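A short write-up of the structure that comes next.
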2 protein chains.
Amino acid sequence: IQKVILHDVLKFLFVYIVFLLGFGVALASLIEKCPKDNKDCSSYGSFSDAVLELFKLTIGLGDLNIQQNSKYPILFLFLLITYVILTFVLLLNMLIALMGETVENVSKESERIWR
Amino acid sequence: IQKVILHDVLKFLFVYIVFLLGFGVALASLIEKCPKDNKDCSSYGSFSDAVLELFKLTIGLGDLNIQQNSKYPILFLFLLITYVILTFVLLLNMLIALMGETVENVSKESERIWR
Ligand SMILES: CCCCCCCC/C=C\CCCCCCCC(=O)O[C@@H](COC(=O)CCCCCCCCCCCCCCC)COP(=O)([O-])OCC[N+](C)(C)C
Ligand SMILES: CCCCCCCC/C=C\CCCCCCCC(=O)O[C@@H](COC(=O)CCCCCCCCCCCCCCC)COP(=O)([O-])OCC[N+](C)(C)C
Ligand SMILES: CCCCCCCC/C=C\CCCCCCCC(=O)O[C@@H](COC(=O)CCCCCCCCCCCCCCC)COP(=O)([O-])OCC[N+](C)(C)C
Ligand SMILES: CCCCCCCC/C=C\CCCCCCCC(=O)O[C@@H](COC(=O)CCCCCCCCCCCCCCC)COP(=O)([O-])OCC[N+](C)(C)C
Ligand SMILES: CCCCCCCC/C=C\CCCCCCCC(=O)O[C@@H](COC(=O)CCCCCCCCCCCCCCC)COP(=O)([O-])OCC[N+](C)(C)C
Ligand SMILES: CCCCCCCC/C=C\CCCCCCCC(=O)O[C@@H](COC(=O)CCCCCCCCCCCCCCC)COP(=O)([O-])OCC[N+](C)(C)C
Ligand SMILES: CCCCCCCC/C=C\CCCCCCCC(=O)O[C@@H](COC(=O)CCCCCCCCCCCCCCC)COP(=O)([O-])OCC[N+](C)(C)C
Ligand SMILES: CCCCCCCC/C=C\CCCCCCCC(=O)O[C@@H](COC(=O)CCCCCCCCCCCCCCC)COP(=O)([O-])OCC[N+](C)(C)C
Ligand code: NA
Ligand code: NA
Ligand code: NA
């Protein structure tokens, strides 16, 4: 756990943000602006609405209220489907990177420095 | 299945609770208290609200009703995003631990004691 966090998480994060902001500037032009009614509008901007929904859709707390009230609702959904596929590729190459060149030598280096 | 449950689950759980209670005492100070209205308030405390939502967000039954009605709503969300990343690191090192030093010797010890 100390080997992944101190060494191998910043590999995952720095490629995640460029995939976050890559779809972040794309989805922000699709989102219709919050001041349509201003009765329950407490948003933080057009760019801020697009990025915060990509956090919630990754951790599993996403909704569909913005996808319905959008400019192009079908085109807004296909970038969300593509975002899941790119996220799964990021999660699947983290396992291959933690199996670097031998699955035993990872268990060796955690056993030597434990003692 | 009998090898993971009897031997290898308590490795996962005892590191999960210290990551549960680590964010449990942190998120409990962010949650605004339930007696605001007392018409549908049947909570079990400030600490009990923070821990039970981390069970639901892990198993996939989480909501966003408390994150909206919080003190710092953006700061409440970033600890939930960090909690998913730490949970995924816990789930990803369980697979490397079950592949300890050879993927064949795990299949050997389950074949010898079956006979
Ligand atoms: C403005 C400048 C550029 C900025 C952008 C780039 C900045 C640079 C960022 C990442 C690249 C690493 C560069 C470090 C030095 C270079 C030498 C090197 O090869 O790297 C290595 C040195 O490993 C490290 O030292 C990791 C650097 C983080 C140190 C601790 C910081 C706290 C992490 C807090 C984390 C967040 C908290 C978590 C929860 C939120 C890395 O190699 P490895 O990854 O160990 O691979 C080993 C795998 N293998 C053996 C199987 C093959
Ligand atoms: C790896 C990191 C991430 C990867 C990148 C992220 C993924 C990139 C994916 C997509 C990039 C962004 C797509 C939408 C961009 C425009 C949106 C928009 O503002 O609509 C507005 C503009 O209306 C238009 O003129 C265009 C409408 C959408 C066109 C769809 C084609 C692109 C689909 C993809 C195919 C491209 C091929 C791509 C190559 C494979 C509509 O607003 P309006 O008010 O109703 O109309 C008035 C017009 N006015 C405002 C100017 C006056
Ligand atoms: C290391 C990263 C974290 C730290 C750096 C943060 C990076 C910036 C990320 C996010 C912005 C957070 C601070 C900016 C202003 C406050 C909020 C806001 O955006 O709304 C503003 C407009 O809303 C917009 O639409 C502006 C967003 C587009 C420009 C910002 C992205 C810059 C590059 C992307 C990142 C490139 C680098 C990323 C590489 C990792 C209005 O503000 P407000 O809503 O009315 O709230 C008041 C603010 N207050 C209460 C605080 C006074
Ligand atoms: C990797 C997979 C992810 C997808 C691609 C990833 C890249 C994504 C990038 C770009 C992708 C292409 C963008 C298309 C834009 C939508 C336009 C449209 O369809 O017409 C209409 C919808 O009509 C429908 O409802 C059709 C149903 C939609 C899904 C089709 C079923 C798939 C079955 C077959 C299986 C194949 C499955 C897909 C192939 C693999 C209108 O849609 P609109 O424009 O939003 O409405 C605005 C109204 N306006 C224009 C009048 C203002
Ligand atoms: C009070 C203060 C302390 C309390 C905190 C600490 C308490 C101690 C807790 C865990 C540490 C284990 C210590 C046990 C003896 C020490 C010897 C040893 O090295 O451990 C080993 C002895 O393996 C075991 O005996 C596991 C202990 C559980 C026994 C059955 C209890 C029911 C499990 C119910 C489960 C919950 C029900 C599931 C659904 C909810 C463990 O090693 P391993 O894991 O087998 O590694 C093998 C992997 N490899 C070969 C690939 C390398
Ligand atoms: C591995 C296991 C997990 C790890 C740990 C888990 C994660 C730990 C993360 C974070 C730990 C907890 C952060 C919040 C704590 C205070 C919250 C609070 O009660 O607010 C109250 C206090 O108001 C304040 O004075 C502070 C408000 C928040 C400040 C945010 C900075 C810390 C962010 C993180 C950066 C730290 C660097 C961390 C190092 C990387 C507001 O209440 P009020 O009534 O509106 O105001 C009246 C004030 N009064 C009540 C006193 C009179
Ligand atoms: C082995 C672990 C399981 C067993 C031990 C459980 C340990 C405690 C865990 C969970 C609590 C369960 C029992 C405590 C009291 C009852 C409920 C409650 O909390 O609400 C109370 C206040 O609410 C609070 O805010 C108190 C929470 C902070 C102190 C508890 C953490 C102890 C240290 C961290 C954990 C220790 C380390 C654990 C490491 C594994 C009020 O109670 P009530 O809501 O009005 O309901 C009436 C109660 N009755 C119906 C039952 C009569
Ligand atoms: C591993 C990743 C997890 C995150 C870090 C892990 C550690 C987490 C610990 C601490 C984290 C840092 C503390 C943040 C506190 C929020 C304050 C704030 O932003 O201002 C304002 C919000 O304004 C906005 O809405 C800004 C938009 C939010 C997200 C920015 C987009 C990210 C794009 C860039 C890509 C970078 C993505 C992130 C970098 C990787 C106010 O927000 P508030 O305070 O809640 O409201 C209370 C009002 N009050 C103050 C008046 C009472
Ligand atoms: Na779900
Ligand atoms: Na899943
Ligand atoms: Na293998």
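A quick note on method: Cβ atoms are made from the backbone with ideal geometry, for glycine too, and the neighbour counts reach across all protein chains shown. Taken together, the values in this text are just the output of simple stated rules run on the coordinates, not laboratory data.
Data for the structure
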| item | result |
| --- | --- |
| Descending principal axes extents, the protein assembly as shown, alpha-carbon based, whole Å | 68, 43, 35 |
| Karplus-derived HN-Hα couplings along segment B:31-36 (A = 6.51, B = -1.76, C = 1.60, θ = phi - 60°), whole Hz, x at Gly and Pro | 6, 5, 5, 3, x, 3 |
| Copy-to-copy label separations for A:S46, where each label sits 7 Å from Cα toward Cβ, in nm and ascending | 4.1 |
| Degrees between helix B:9-27 axis and first principal axis of chain B (Cα, 0 to 90, nearest 10) | 20 degrees |
| Most fluctuating residue given options A:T58, A:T102, A:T82, as computed from a GNM of chain A linking Cα atoms under 10 Å | A:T102 |
| 3J(HN,Hα) from dihedral phi, segment B:89-105, Karplus parametrisation 6.51/-1.76/1.60, rounded to Hz, x for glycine, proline | 5, 5, 6, 8, 8, 6, 6, 6, 6, 7, 9, x, 6, 5, 7, 8, 6 |
| Label spacing, shortest first and in nm, from A:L64 to its equivalents in the remaining copies (7 angstrom along Cα→Cβ) | 1.5 |
| Distance in nm between pseudo-label sites at B:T82 and B:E109 (7 Å out along the Cβ direction from Cα) | 3.6 nm |
| For chain B, built as a Gaussian network whose Cα springs stay under 10 Å, the top-fluctuating residue of B:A28, B:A97, B:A50 | B:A97 |
| Percent of Cα pairs exceeding the 25 Å cut-off, where the set is chain B | 39 percent |
| Chain A residue with Cβ closest to the axis mapping A onto B, distance in whole Å | A:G60, 4 |
| Mean ellipticity per residue at 222 nm, deg cm²/dmol - from DSSP H runs of n ≥ 4 across the protein assembly as shown, formula -39500 (n - 2.57) | -20500 deg cm²/dmol |
| Within 10 Å of each Cβ in B:70-82, the average number of Cβ atoms from other chains | 2 |
